[PDB]
Ligand code: HEM
Ligand code: HEM
Ligand SMILES: N#Cc1cccc(CNCCc2ccnc(-n3ccnc3)n2)c1
Ligand SMILES: N#Cc1cccc(CNCCc2ccnc(-n3ccnc3)n2)c1
Ligand SMILES: C[C@H](O)[C@H](O)[C@H]1CNc2nc(N)[nH]c(=O)c2N1
Ligand SMILES: C[C@H](O)[C@H](O)[C@H]1CNc2nc(N)[nH]c(=O)c2N1
Ligand SMILES: [Zn+2]
């Protein structure tokens, strides 16, 4: 593998040099002869597998704090080693855990919000033992992160996996999402993406209101046990009704969204330890709601109804009626969040900050992995600077990983 | 191994077997993906390349291992042996050029791949010859507005000292001028080329849309200037179906998109001069040509005339202005009966083409980064389509700008 890889920005002519890729730990899916960069997805670890993984991370941690080679460093290496030998695992110090989560975010190729990576509140919930305990921690996370509209990024880390038969898991894919109900007639009420999960919740005992925007309950699994339902207190679920600065009729659509974007199905890997339940949250880029949640055909799919209210010619596609509605919807989303003083960032500002962040990373770290396919916003791509930016993709560790949906693996008791 | 690709909207799963056929690299490795990087002979090298191509040619016409296939292999071997190169049959040239289009990972218009007018210009010897051939191409392809896809193929490379080259990156483009006050008149992407034209004798009109002359190099010789006769150059005045003030922007574009700077590789032969042309997807003009900061950069002007609040980025004024520009471009071309496809229609056709390719060919190489339109990405179906990228031959490759190689 080559020592220096250059990427270029095609609108500013800036060239950056990447050395960090040499520290790549995992496979990307690509080979010499095929590229899988647009493919969405291209039992525990033995003692022997864990030893070098742990050392790798510990070395890296003591390297970050400018104590590489120190007594404290060597002592820590030895402590971790004995712990692995005697217990087949080890426990992270609170300092290491914090470093590891911040760096898993820093290494997330697909997150455009990474300029903020070092400002992350880490709630250590490794003492949790029950689903009620998980609910408590989760509620505290939500309230802290929401902060009455002034969102602050955060992660709550439940205990690491042990034997695989005692995982903690948040079954929800996000802490806050709306239900989706399939009708006997084929139509979907609510969010079609969440139909399967809503069916599971209803089966577990949830009494559904059956509306368009029903906040799903939390489904919480502690210590490998069956999961349990909890309704998040409504006063902790900040929501924004969507209106438009020009079109008075826009509020008549009755749209709203939740303020807090919180991913809860990913797995946090630090030094070979797997934290299978690690809900994290930041704040929204407008396009996530205005383009994807609202306009994807398999989601809320409102383009037709908005365009109809805009009295647009909808016969030919070459009128770009879809395109026109899309912009107005995204204008509305940004306008509504800013009006109710809930943090949100537009795709222009976010991508511009990411370019600045990426350049700084190259300067100070010798690189910054990024996934162009995810980093480029799903509307008006080329009018943002990331589009013109060459990016290298590669997986560093600590990292956030995907994991199977828990209903597919859970052994019911 | 067989690879699945999934559409996340429709949930359709195609199975790729075609990728197993490729030998050329893509630039990625197992640990690093370079999917967004713009750019990641001898007798001995030449025959296996020749044999490969001839084999897939006789296979595509169900005459594999036939007498004709055998004699042809013999013919090509003897010819490489005694001349260090070899010449393609007419049939092979056509098959080869259509398949270079078909294999073009980055081209969204490939549903049309087998409708390609191939112009064999291999008898060419001079730049005057080149200009004649190109004018015929332009006139045929333009077809009064009912565009027809074409490629013109000039003599293959020999020793590298005798390349045929179209110095222009496209047959039809607009000049670009560095103003004394630091700004750029016309197309900034062509400032250098324009200067090379001016240095060479071209008297520039110094306007915002001056069709550049052709600069043609034949047989490794100094390039020569030629003006395409204006009556062969179809141009569209851009206007808007609601905004009457839009024509007052004075914007115009040319109807014929013709890439002239690439290299067509067939059976290990290199055709350094092979201008090809299709028709426009609207975004190429409306999004990239008109709205890139490094290009015509009109967003500010347009949003001005739309009286938009331009103080904050979160007003999405850029996005608004963008949609209108692209509406205007489509409306204009359509009003002039000049062929053009919008990004919804085109991407739809591409999904259909992918499905076709998977059925009959076991796959379709594709560059998601290039296939997804540079506006309204996820409201087009290609955004939700997993694409596998790999390099098949025959192929269109990039090559150096000739003013970095040529000695005078
Ligand atoms: C602070 C404001 C943040 C912004 C503006 C932001 C922005 C984004 C966006 C737009 C996506 C694309 C999601 C999609 O299209 O499905 C994303 C993905 C992601 N972000 Fe963030 N993010 C933020 C905070 C965070 C934090 C705090 C973390 C972790 C500690 C994080 C880690 C990730 C990861 C791991 C993904 C990939 C998710 C997946 O693959 O499904 N982000 N981010
Ligand atoms: C028939 C109508 C066609 C349409 C609508 C179409 C569409 C497109 C578009 C939108 C691009 C992206 C250009 C860019 O963003 O720089 C592209 C690239 C390309 N097309 Fe086409 N195309 C057509 C015909 C053709 C033909 C006839 C050929 C060859 C015989 C061809 C070969 C290519 C190649 C090699 C590229 C890559 C260009 C590069 O790498 O710079 N296309 N096509
Ligand atoms: N696997 C998978 C998979 C495929 C498509 C979309 C997905 C969602 N990924 C995260 C989406 C999402 C939602 C809310 N918030 C955030 N978020 C919050 C902070 N950073 C991102 N991200 C997962
Ligand atoms: N090198 C290089 C390089 C990098 C990015 C874009 C580029 C231009 N690509 C072609 C643009 C263009 C122009 C006119 N016509 C067409 N066109 C027509 C049919 N297919 C493409 N394409 C070159
Ligand atoms: C097929 C393709 O990879 C898929 O649709 C991707 C494209 N890029 C994306 N980019 C972001 N940010 N989020 C997504 O969900 C996707 N989906
Ligand atoms: C850096 C990045 O690869 C570059 O900006 C690409 C992105 N995708 C593109 N897609 C198309 N169709 N045409 C282009 O010129 C580009 N440019
Ligand atoms: Zn790749």
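As a convention, Cβ positions derive from the backbone with ideal geometry for all residues, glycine included, and neighbour counts pool all protein chains shown. Basis: the model, the stated rules and, where named, an outside source; these are not laboratory values.
Considering B:112, B:117, the condition of being out of contact with any strand residue (DSSP E or B) (no Cβ under 6 Å at 6 or more places or on another chain) and away from chain A (no Cβ under 14 Å) is satisfied by B:112 alone.
Are any residues in segment A:277-290 farther than 24 Å from residue A:106 by Cβ and within 12 Å of chain B (Cβ to nearest Cβ), and if so, which ones? If the condition is that a residue be farther than 24 Å from residue A:106 by Cβ and within 12 Å of chain B (Cβ to nearest Cβ), then A:290 is the only one that fits. Any residue at all in segment B:359-373 that is within 23 Å of residue A:329 (Cβ to Cβ) and within 16 Å of ligand 1 (Cβ to nearest atom)? The answer is yes; a qualifying residue exists.
Suppose the filter is more than 20 Å from the chain's Cα centre (by Cα) and buried (at least 22 other Cβ atoms within 10 Å of the Cβ); does residue A:351 pass it? So residue A:351 fails the test. Scanning segment B:291-304 for residues that are within 11 Å of chain A (Cβ to nearest Cβ) and surrounded by 20 or more Cβ atoms within 10 Å (Cβ to Cβ) gives B:291, B:292, B:299. The listed residues are A:230, A:280, and the only one of them that is surrounded by 21 or more Cβ atoms within 10 Å (Cβ to Cβ) and touching a strand residue (DSSP E or B) at 6+ places or on another chain (Cβ under 6 Å) turns out to be A:280. Considering segment A:17-39, and only residues there that are buried (at least 21 other Cβ atoms within 10 Å of the Cβ) and part of a strand (DSSP E or B), the residue that is nearest to the other protein chains (Cβ to nearest Cβ) turns out to be A:35.
Summed over segment A:362-373, the residues that are assigned to a helix (DSSP H, G or I) and within 11 Å of chain B (Cβ to nearest Cβ) give a count of 2.
When A:241, A:227, A:233 are screened for being away from ligand 6 (no atom under 16 Å from the Cβ), away from every other protein chain (no Cβ under 14 Å) and within 19 Å of residue A:331 (Cα to Cα), only A:241 passes.
Under the condition of being surrounded by fewer than 18 Cβ atoms within 10 Å (Cβ to Cβ) and in contact with a helix residue (DSSP H, G or I) (Cβ under 6 Å, 6 or more places away or on another chain), the residues counted in segment A:52-68 number 2.
Any chance segment B:1-14 includes a residue that's under 24 Å from the mean Cα position of the chain (by Cα) and within 9 Å of chain A (Cβ to nearest Cβ)? Scanning segment B:1-14 turns up no residue that is under 24 Å from the mean Cα position of the chain (by Cα) and within 9 Å of chain A (Cβ to nearest Cβ). Taking the criterion of being surrounded by fewer than 17 Cβ atoms within 10 Å (Cβ to Cβ) and in contact with a strand residue (DSSP E or B) (Cβ under 6 Å, 6 or more places away or on another chain), no residue of segment A:125-136 qualifies. Filtering B:251, B:263, B:216, B:256 for residues that are crowded, with 22+ Cβ neighbours inside 10 Å and under 18 Å from the mean Cα position of the chain (by Cα) leaves a single hit, B:256.
Please go through segment B:374-408 and give me each residue that is assigned to a loop (DSSP other than H, G, I, E, B), under 27 Å from residue B:21 (Cα atoms) and within 9 Å of another protein chain (Cβ to nearest Cβ), ordered by number. Reasoning before the result, please.
Here is the first cut: in segment B:374-408, the residues assigned to a loop (DSSP other than H, G, I, E, B) are B:374-376, B:380, B:386-388, B:390-394, B:398-401, B:405-408.
Then keep just the ones that are under 27 Å from residue B:21 (Cα atoms); that gives B:386-388, B:390-394, B:398-399.
Within segment B:374-408, B:386, B:387, B:388, B:390, B:391 qualify.
Within segment B:330-340, is there a residue that is surrounded by fewer than 20 Cβ atoms within 10 Å (Cβ to Cβ), at the interface with chain A (Cβ under 9 Å from one of its Cβ atoms) and assigned to a helix (DSSP H, G or I)? Within segment B:330-340, one or more residues are surrounded by fewer than 20 Cβ atoms within 10 Å (Cβ to Cβ), at the interface with chain A (Cβ under 9 Å from one of its Cβ atoms) and assigned to a helix (DSSP H, G or I). From (1) crowded, with 20+ Cβ neighbours inside 10 Å; (2) within 11 Å of another protein chain (Cβ to nearest Cβ); (3) part of a helix (DSSP H, G or I), pick out the condition that doesn't hold for residue A:318. It fails just one condition, (3).
In summary, residue A:308 fulfils each of the numbered conditions (1) in contact with a strand residue (DSSP E or B) (Cβ under 7 Å, 6 or more places away or on another chain); (2) in the same structural domain as residue A:245 (by CATH); (3) surrounded by fewer than 17 Cβ atoms within 10 Å (Cβ to Cβ) with the single exception of condition (1).
For segment B:1-15, which residues satisfy the criterion of being in a loop (DSSP other than H, G, I, E, B) and closer than 23 Å to residue A:296 by Cα? Full working, then the answer.
To start, the set of residues in segment B:1-15 that are in a loop (DSSP other than H, G, I, E, B) comprises B:1-2, B:8-12.
Correct list: B:8, B:9, B:10, B:11, B:12.
Has segment A:340-356 got at least one residue that is in contact with a strand residue (DSSP E or B) (Cβ under 9 Å, 6 or more places away or on another chain), outside the structural domain of residue A:323 (by CATH), more than 16 Å from ligand 3 (Cβ to nearest atom) and closer than 16 Å to residue A:21 by Cα? So far as segment A:340-356 goes, no, none of its residues is in contact with a strand residue (DSSP E or B) (Cβ under 9 Å, 6 or more places away or on another chain), outside the structural domain of residue A:323 (by CATH), more than 16 Å from ligand 3 (Cβ to nearest atom) and closer than 16 Å to residue A:21 by Cα. Only one of the numbered conditions (1) outside the structural domain of residue B:94 (by CATH); (2) closer than 23 Å to residue B:101 by Cβ; (3) touching a helix residue (DSSP H, G or I) at 6+ places or on another chain (Cβ under 9 Å) is not met by residue B:153, and that is (1).
Kindly provide the set of residues from segment A:147-158 that are more than 20 Å from residue A:267 (Cα to Cα) and more than 13 Å from ligand 3 (Cβ to nearest atom), ordered by number.
The first filter runs over segment A:147-158 and keeps only residues more than 20 Å from residue A:267 (Cα to Cα), leaving A:147-152.
Once the filter is applied, which keeps residues that are more than 20 Å from residue A:267 (Cα to Cα) and more than 13 Å from ligand 3 (Cβ to nearest atom), segment A:147-158 yields A:147, A:148, A:149, A:150.
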